[PDB]
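Structure file start.csv with CSV, N, CA and C atoms:
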chain,number,residue,atom,x,y,z
A,1,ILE,N,24.6,-14.5,-30.5
A,1,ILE,CA,23.7,-15.2,-29.6
A,1,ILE,C,23.4,-14.4,-28.4
A,2,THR,N,24.5,-14.0,-27.7
A,2,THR,CA,24.3,-13.2,-26.5
A,2,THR,C,23.5,-12.0,-26.7
A,3,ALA,N,23.5,-11.4,-27.9
A,3,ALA,CA,22.8,-10.2,-28.1
A,3,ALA,C,21.3,-10.5,-28.1
A,4,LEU,N,20.8,-11.5,-28.8
A,4,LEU,CA,19.4,-11.8,-28.8
A,4,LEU,C,18.9,-12.2,-27.4
A,5,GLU,N,19.7,-12.9,-26.7
A,5,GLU,CA,19.3,-13.3,-25.3
A,5,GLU,C,19.0,-12.0,-24.5
A,6,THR,N,20.0,-11.1,-24.5
A,6,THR,CA,20.0,-10.0,-23.5
A,6,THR,C,18.8,-9.1,-23.6
A,7,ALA,N,18.3,-9.0,-24.8
A,7,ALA,CA,17.1,-8.2,-25.1
A,7,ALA,C,15.9,-8.7,-24.2
A,8,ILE,N,15.7,-10.0,-24.2
A,8,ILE,CA,14.5,-10.6,-23.6
A,8,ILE,C,14.6,-10.4,-22.1
A,9,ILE,N,15.7,-10.6,-21.5
A,9,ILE,CA,15.8,-10.4,-20.0
A,9,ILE,C,15.6,-8.9,-19.7
A,10,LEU,N,16.2,-8.0,-20.6
A,10,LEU,CA,16.2,-6.6,-20.3
A,10,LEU,C,14.7,-6.1,-20.2
A,11,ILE,N,13.9,-6.5,-21.2
A,11,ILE,CA,12.5,-6.1,-21.2
A,11,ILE,C,11.8,-6.5,-19.9
A,12,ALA,N,12.1,-7.8,-19.5
A,12,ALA,CA,11.5,-8.3,-18.3
A,12,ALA,C,11.7,-7.5,-17.1
A,13,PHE,N,12.9,-7.0,-16.8
A,13,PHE,CA,13.2,-6.3,-15.6
A,13,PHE,C,12.6,-4.9,-15.7
A,14,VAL,N,12.5,-4.3,-16.9
A,14,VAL,CA,11.9,-2.9,-17.0
A,14,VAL,C,10.4,-3.0,-16.7
A,15,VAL,N,9.7,-4.0,-17.1
A,15,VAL,CA,8.3,-4.1,-16.9
A,15,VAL,C,8.1,-4.3,-15.4
A,16,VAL,N,8.9,-5.1,-14.7
A,16,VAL,CA,8.7,-5.3,-13.3
A,16,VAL,C,8.8,-4.0,-12.5
A,17,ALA,N,9.8,-3.2,-12.9
A,17,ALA,CA,10.0,-1.9,-12.2
A,17,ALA,C,8.9,-1.0,-12.5
A,18,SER,N,8.3,-1.0,-13.7
A,18,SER,CA,7.2,-0.2,-14.1
A,18,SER,C,6.0,-0.5,-13.2
A,19,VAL,N,5.7,-1.8,-13.1
A,19,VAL,CA,4.5,-2.2,-12.3
A,19,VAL,C,4.8,-1.8,-10.8
A,20,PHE,N,6.0,-2.0,-10.3
A,20,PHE,CA,6.3,-1.7,-8.9
A,20,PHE,C,6.2,-0.2,-8.7
A,21,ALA,N,6.7,0.6,-9.7
A,21,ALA,CA,6.6,2.1,-9.6
A,21,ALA,C,5.2,2.6,-9.6
A,22,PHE,N,4.3,2.0,-10.4
A,22,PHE,CA,2.9,2.4,-10.4
A,22,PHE,C,2.3,2.1,-9.1
A,23,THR,N,2.6,1.0,-8.5
A,23,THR,CA,2.0,0.7,-7.2
A,23,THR,C,2.4,1.7,-6.1
A,24,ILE,N,3.7,2.1,-6.1
A,24,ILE,CA,4.1,3.1,-5.1
A,24,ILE,C,3.4,4.4,-5.3
A,25,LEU,N,3.3,4.9,-6.5
A,25,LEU,CA,2.6,6.2,-6.7
A,25,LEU,C,1.2,6.2,-6.2
A,26,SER,N,0.4,5.1,-6.5
A,26,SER,CA,-0.9,5.0,-6.0
A,26,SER,C,-0.9,4.9,-4.5
A,27,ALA,N,0.0,4.1,-3.9
A,27,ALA,CA,0.0,3.9,-2.5
A,27,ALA,C,0.4,5.1,-1.8
A,28,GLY,N,1.3,5.9,-2.3
A,28,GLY,CA,1.7,7.1,-1.7
A,28,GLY,C,0.6,8.2,-1.6
A,29,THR,N,-0.2,8.2,-2.7
A,29,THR,CA,-1.3,9.2,-2.7
A,29,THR,C,-2.3,8.9,-1.6
A,30,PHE,N,-2.6,7.6,-1.3
A,30,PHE,CA,-3.5,7.3,-0.3
A,30,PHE,C,-3.0,7.7,1.1
A,31,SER,N,-1.7,7.5,1.4
A,31,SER,CA,-1.2,7.8,2.7
A,31,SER,C,-1.3,9.3,3.0
A,32,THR,N,-0.9,10.1,2.0
A,32,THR,CA,-1.0,11.6,2.2
A,32,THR,C,-2.4,12.1,2.5
A,33,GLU,N,-3.3,11.5,1.8
A,33,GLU,CA,-4.7,11.9,2.0
A,33,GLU,C,-5.2,11.6,3.4
A,34,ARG,N,-4.8,10.4,3.9
A,34,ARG,CA,-5.2,10.0,5.2
A,34,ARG,C,-4.5,10.9,6.3
A,35,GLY,N,-3.3,11.2,6.1
A,35,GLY,CA,-2.6,12.0,7.0
A,35,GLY,C,-3.2,13.4,7.1
A,36,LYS,N,-3.7,13.9,6.0
A,36,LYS,CA,-4.3,15.3,6.0
A,36,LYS,C,-5.6,15.3,6.8
A,37,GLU,N,-6.4,14.2,6.7
A,37,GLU,CA,-7.6,14.2,7.4
A,37,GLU,C,-7.4,14.3,8.9
A,38,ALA,N,-6.4,13.7,9.5
A,38,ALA,CA,-6.2,13.7,10.9
A,38,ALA,C,-6.0,15.1,11.5
A,39,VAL,N,-5.3,16.0,10.8
A,39,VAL,CA,-5.0,17.3,11.3
A,39,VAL,C,-6.3,18.1,11.3
A,40,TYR,N,-7.1,18.1,10.2
A,40,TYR,CA,-8.3,18.8,10.2
A,40,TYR,C,-9.3,18.2,11.3
A,41,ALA,N,-9.3,16.9,11.5
A,41,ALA,CA,-10.2,16.3,12.5
A,41,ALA,C,-9.8,16.8,13.9
A,42,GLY,N,-8.5,16.8,14.1
A,42,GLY,CA,-8.0,17.2,15.5
A,42,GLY,C,-8.3,18.6,15.8
A,43,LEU,N,-8.1,19.5,14.8
A,43,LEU,CA,-8.3,20.9,15.1
A,43,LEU,C,-9.8,21.2,15.4
A,44,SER,N,-10.7,20.5,14.7
A,44,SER,CA,-12.1,20.8,14.8
A,44,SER,C,-12.5,20.4,16.3
A,45,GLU,N,-12.0,19.3,16.8
A,45,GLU,CA,-12.5,18.9,18.1
A,45,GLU,C,-12.1,19.9,19.2
A,46,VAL,N,-10.9,20.5,19.1
A,46,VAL,CA,-10.4,21.4,20.2
A,46,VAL,C,-11.2,22.6,20.3
A,47,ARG,N,-11.7,23.2,19.2
A,47,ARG,CA,-12.4,24.5,19.2
A,47,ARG,C,-13.9,24.4,19.4
A,48,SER,N,-14.4,23.2,19.7
A,48,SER,CA,-15.8,23.0,19.7
A,48,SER,C,-16.5,23.0,21.0
A,49,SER,N,-15.9,23.8,22.0
A,49,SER,CA,-16.3,23.7,23.3
A,49,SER,C,-17.7,24.4,23.5
A,50,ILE,N,-18.1,24.4,24.8
A,50,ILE,CA,-19.4,25.0,25.1
A,50,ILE,C,-19.3,25.5,26.5
A,51,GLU,N,-20.2,26.4,26.9
A,51,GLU,CA,-20.1,27.2,28.1
A,51,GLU,C,-21.5,27.5,28.7
A,52,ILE,N,-21.5,27.5,30.0
A,52,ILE,CA,-22.8,27.9,30.7
A,52,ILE,C,-22.7,29.3,31.1
A,53,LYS,N,-23.8,30.0,30.8
A,53,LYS,CA,-24.0,31.4,31.2
A,53,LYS,C,-25.2,31.6,32.1
A,54,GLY,N,-25.1,32.4,33.2
A,54,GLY,CA,-26.2,32.7,34.0
A,54,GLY,C,-26.2,31.8,35.2
A,55,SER,N,-27.4,31.6,35.8
A,55,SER,CA,-27.6,30.9,37.0
A,55,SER,C,-28.6,29.7,36.7
A,56,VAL,N,-28.6,28.7,37.6
A,56,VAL,CA,-29.5,27.6,37.4
A,56,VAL,C,-30.7,27.8,38.3
A,57,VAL,N,-31.9,27.4,37.7
A,57,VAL,CA,-33.2,27.7,38.3
A,57,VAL,C,-34.0,26.4,38.2
A,58,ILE,N,-34.6,26.0,39.4
A,58,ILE,CA,-35.5,24.9,39.5
A,58,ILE,C,-36.9,25.4,39.7
A,59,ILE,N,-37.8,24.7,39.1
A,59,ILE,CA,-39.2,25.1,39.2
A,59,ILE,C,-40.0,24.0,40.1
A,60,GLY,N,-40.6,24.5,41.1
A,60,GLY,CA,-41.2,23.5,42.1
A,60,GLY,C,-42.6,23.1,41.6
A,61,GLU,N,-42.7,21.7,41.5
A,61,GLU,CA,-44.0,21.2,41.1
A,61,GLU,C,-45.1,21.4,42.3
B,1,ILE,N,31.0,-23.3,-36.6
B,1,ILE,CA,31.4,-24.2,-37.6
B,1,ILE,C,30.5,-24.3,-38.8
B,2,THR,N,29.2,-24.6,-38.5
B,2,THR,CA,28.2,-24.7,-39.5
B,2,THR,C,26.9,-24.1,-39.0
B,3,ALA,N,26.1,-23.6,-39.9
B,3,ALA,CA,24.8,-22.9,-39.4
B,3,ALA,C,23.9,-23.9,-38.8
B,4,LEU,N,23.9,-25.2,-39.2
B,4,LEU,CA,23.0,-26.1,-38.7
B,4,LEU,C,23.1,-26.3,-37.2
B,5,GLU,N,24.3,-26.4,-36.6
B,5,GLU,CA,24.4,-26.5,-35.2
B,5,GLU,C,24.0,-25.2,-34.5
B,6,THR,N,24.5,-24.1,-35.0
B,6,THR,CA,24.3,-22.8,-34.3
B,6,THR,C,22.9,-22.5,-34.1
B,7,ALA,N,22.0,-22.9,-35.0
B,7,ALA,CA,20.6,-22.7,-34.8
B,7,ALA,C,20.1,-23.4,-33.6
B,8,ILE,N,20.5,-24.7,-33.4
B,8,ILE,CA,19.9,-25.5,-32.3
B,8,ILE,C,20.3,-24.9,-31.0
B,9,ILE,N,21.6,-24.5,-30.8
B,9,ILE,CA,22.0,-23.9,-29.5
B,9,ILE,C,21.3,-22.6,-29.3
B,10,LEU,N,21.1,-21.9,-30.4
B,10,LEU,CA,20.5,-20.5,-30.3
B,10,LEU,C,19.1,-20.7,-29.8
B,11,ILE,N,18.3,-21.6,-30.3
B,11,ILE,CA,16.9,-21.8,-29.8
B,11,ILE,C,16.9,-22.1,-28.3
B,12,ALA,N,17.8,-23.0,-27.9
B,12,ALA,CA,17.8,-23.5,-26.5
B,12,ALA,C,18.0,-22.3,-25.6
B,13,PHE,N,18.9,-21.4,-25.9
B,13,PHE,CA,19.2,-20.3,-25.0
B,13,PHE,C,18.0,-19.3,-24.9
B,14,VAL,N,17.3,-19.1,-26.0
B,14,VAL,CA,16.2,-18.2,-26.0
B,14,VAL,C,15.1,-18.7,-25.1
B,15,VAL,N,14.8,-20.0,-25.2
B,15,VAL,CA,13.7,-20.6,-24.4
B,15,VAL,C,14.0,-20.5,-22.9
B,16,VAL,N,15.3,-20.7,-22.5
B,16,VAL,CA,15.6,-20.6,-21.1
B,16,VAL,C,15.3,-19.2,-20.6
B,17,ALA,N,15.7,-18.2,-21.4
B,17,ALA,CA,15.5,-16.8,-21.1
B,17,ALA,C,14.0,-16.5,-20.9
B,18,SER,N,13.2,-17.1,-21.9
B,18,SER,CA,11.7,-16.8,-21.8
B,18,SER,C,11.1,-17.4,-20.5
B,19,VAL,N,11.5,-18.6,-20.1
B,19,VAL,CA,11.0,-19.2,-18.9
B,19,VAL,C,11.4,-18.4,-17.7
B,20,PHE,N,12.7,-18.0,-17.7
B,20,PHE,CA,13.2,-17.2,-16.6
B,20,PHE,C,12.4,-15.8,-16.5
B,21,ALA,N,12.2,-15.2,-17.7
B,21,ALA,CA,11.5,-13.9,-17.7
B,21,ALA,C,10.1,-14.1,-17.2
B,22,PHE,N,9.4,-15.1,-17.6
B,22,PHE,CA,8.0,-15.3,-17.1
B,22,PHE,C,8.0,-15.4,-15.6
B,23,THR,N,8.9,-16.2,-15.0
B,23,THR,CA,8.9,-16.3,-13.6
B,23,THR,C,9.1,-15.0,-12.9
B,24,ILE,N,10.0,-14.2,-13.4
B,24,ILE,CA,10.3,-12.9,-12.8
B,24,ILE,C,9.1,-12.0,-12.8
B,25,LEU,N,8.4,-12.0,-13.9
B,25,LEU,CA,7.1,-11.2,-14.0
B,25,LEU,C,6.1,-11.6,-13.0
B,26,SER,N,5.9,-12.9,-12.8
B,26,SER,CA,5.0,-13.4,-11.9
B,26,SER,C,5.4,-13.2,-10.4
B,27,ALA,N,6.7,-13.4,-10.2
B,27,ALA,CA,7.3,-13.1,-8.8
B,27,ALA,C,7.2,-11.7,-8.4
B,28,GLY,N,7.5,-10.8,-9.4
B,28,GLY,CA,7.4,-9.4,-9.0
B,28,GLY,C,6.0,-8.9,-8.7
B,29,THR,N,5.0,-9.5,-9.4
B,29,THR,CA,3.6,-9.1,-9.1
B,29,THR,C,3.2,-9.4,-7.7
B,30,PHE,N,3.6,-10.6,-7.2
B,30,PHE,CA,3.3,-11.0,-5.8
B,30,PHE,C,3.9,-10.1,-4.8
B,31,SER,N,5.2,-9.8,-5.0
B,31,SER,CA,5.9,-9.0,-4.0
B,31,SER,C,5.3,-7.6,-3.8
B,32,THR,N,5.1,-6.9,-4.9
B,32,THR,CA,4.5,-5.6,-4.8
B,32,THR,C,3.1,-5.6,-4.3
B,33,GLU,N,2.4,-6.7,-4.5
B,33,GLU,CA,1.0,-6.8,-3.9
B,33,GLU,C,1.1,-6.8,-2.3
B,34,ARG,N,2.1,-7.6,-1.8
B,34,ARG,CA,2.2,-7.7,-0.4
B,34,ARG,C,2.7,-6.4,0.2
B,35,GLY,N,3.6,-5.7,-0.5
B,35,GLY,CA,4.1,-4.4,0.1
B,35,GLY,C,2.9,-3.4,0.2
B,36,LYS,N,2.0,-3.4,-0.8
B,36,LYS,CA,0.9,-2.5,-0.7
B,36,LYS,C,0.0,-2.8,0.5
B,37,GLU,N,-0.2,-4.1,0.7
B,37,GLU,CA,-1.1,-4.5,1.8
B,37,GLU,C,-0.6,-4.0,3.2
B,38,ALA,N,0.7,-4.0,3.3
B,38,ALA,CA,1.3,-3.6,4.6
B,38,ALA,C,0.9,-2.2,5.0
B,39,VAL,N,1.0,-1.3,4.0
B,39,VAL,CA,0.8,0.2,4.3
B,39,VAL,C,-0.7,0.4,4.8
B,40,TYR,N,-1.6,-0.2,4.1
B,40,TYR,CA,-3.0,-0.1,4.6
B,40,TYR,C,-3.2,-0.6,5.9
B,41,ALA,N,-2.6,-1.8,6.2
B,41,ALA,CA,-2.7,-2.4,7.5
B,41,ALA,C,-2.2,-1.4,8.6
B,42,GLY,N,-1.0,-0.8,8.3
B,42,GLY,CA,-0.4,0.1,9.3
B,42,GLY,C,-1.3,1.3,9.6
B,43,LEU,N,-1.8,1.9,8.6
B,43,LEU,CA,-2.6,3.1,8.7
B,43,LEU,C,-3.9,2.9,9.5
B,44,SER,N,-4.5,1.7,9.3
B,44,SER,CA,-5.7,1.4,10.0
B,44,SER,C,-5.5,1.3,11.5
B,45,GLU,N,-4.4,0.6,11.9
B,45,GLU,CA,-4.1,0.4,13.3
B,45,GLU,C,-4.0,1.7,14.0
B,46,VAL,N,-3.3,2.7,13.4
B,46,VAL,CA,-3.0,3.9,14.1
B,46,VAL,C,-4.2,4.8,14.4
B,47,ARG,N,-5.2,4.7,13.4
B,47,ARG,CA,-6.3,5.6,13.5
B,47,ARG,C,-7.3,5.1,14.5
B,48,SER,N,-7.4,3.8,14.7
B,48,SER,CA,-8.4,3.2,15.7
B,48,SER,C,-8.0,3.6,17.1
B,49,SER,N,-9.0,4.0,17.9
B,49,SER,CA,-8.7,4.3,19.3
B,49,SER,C,-10.0,4.5,20.0
B,50,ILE,N,-9.9,4.6,21.4
B,50,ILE,CA,-11.1,4.8,22.2
B,50,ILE,C,-10.7,5.8,23.3
B,51,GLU,N,-11.7,6.6,23.7
B,51,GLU,CA,-11.5,7.5,24.9
B,51,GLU,C,-12.6,7.1,26.0
B,52,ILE,N,-12.4,7.7,27.1
B,52,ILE,CA,-13.4,7.6,28.2
B,52,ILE,C,-14.0,9.0,28.4
B,53,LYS,N,-15.3,9.1,28.4
B,53,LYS,CA,-16.0,10.4,28.7
B,53,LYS,C,-16.9,10.3,29.9
B,54,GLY,N,-16.7,11.2,30.8
B,54,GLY,CA,-17.5,11.2,32.0
B,54,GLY,C,-16.9,10.6,33.2
B,55,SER,N,-17.6,10.5,34.3
B,55,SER,CA,-17.1,9.9,35.5
B,55,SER,C,-17.2,8.4,35.4
B,56,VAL,N,-16.8,7.8,36.5
B,56,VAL,CA,-16.9,6.3,36.7
B,56,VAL,C,-17.7,6.1,37.9
B,57,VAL,N,-18.8,5.2,37.8
B,57,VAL,CA,-19.8,5.1,38.8
B,57,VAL,C,-19.7,3.7,39.4
B,58,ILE,N,-19.9,3.5,40.7
B,58,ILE,CA,-19.9,2.3,41.4
B,58,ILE,C,-21.3,2.1,41.9
B,59,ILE,N,-22.0,1.0,41.7
B,59,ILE,CA,-23.3,0.6,42.2
B,59,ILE,C,-23.0,-0.4,43.3
B,60,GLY,N,-23.5,-0.2,44.5
B,60,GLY,CA,-23.3,-1.0,45.6
B,60,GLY,C,-24.5,-1.9,45.9
B,61,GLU,N,-24.3,-3.2,46.1
B,61,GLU,CA,-25.3,-4.1,46.4
B,61,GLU,C,-25.7,-4.1,47.9

Represent the supplied structure as structure tokens.
Amino acid sequence: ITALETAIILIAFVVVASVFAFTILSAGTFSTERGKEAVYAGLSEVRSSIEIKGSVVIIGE
Amino acid sequence: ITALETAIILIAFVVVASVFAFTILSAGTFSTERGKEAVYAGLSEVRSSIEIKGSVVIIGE
């Protein structure tokens, strides 16, 4: 009796872990991708400066 | 003692396991769903932000 019972509960717990494990794998991939974007975005901003060369001239109407 | 009794008790225990297994499956699906939602919520909050560019101007009446 106890043998037939234990099989059914055993399958139930394995499936739950499988679904949970799949969710973590997909969730973890999203987090890594988002973290990578930030570093590239930050580096681009710092190097994008601009500079004035020469002298300023005004033209009289 | 006799096969006739043993069948009846055997069926009863199997059904209990089935009902318990079904609830675990449903319960596990909800919990993992909520865990996934938390990660997306956290990442969105960190990325949002605002800066101030330029001076601050006062207009006097």

task: Determine which residues of chain B sit within 6.5 Å of chain A, taking into account all atoms listed in the file, and present them as a count of residues only.
output: 8

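For the atom pair formed by atom N of residue 29 in chain A and atom N of residue 41 in chain B, the distance is 13.6 Å, given to one decimal.
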
task: Could you find all residues in chain A that DSSP calls helix (DSSP H, G or I) from the backbone, and write them as a PyMOL selection string?
output: chain A and resi 2-46

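The gap separating atom N of residue 56 in chain B from CA of residue 52 in chain A is 21.8 Å, in Å to one decimal.
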
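Reported to one decimal place, the separation of CA of residue 47 in chain B from CA of residue 48 in chain A is 20.8 Å.
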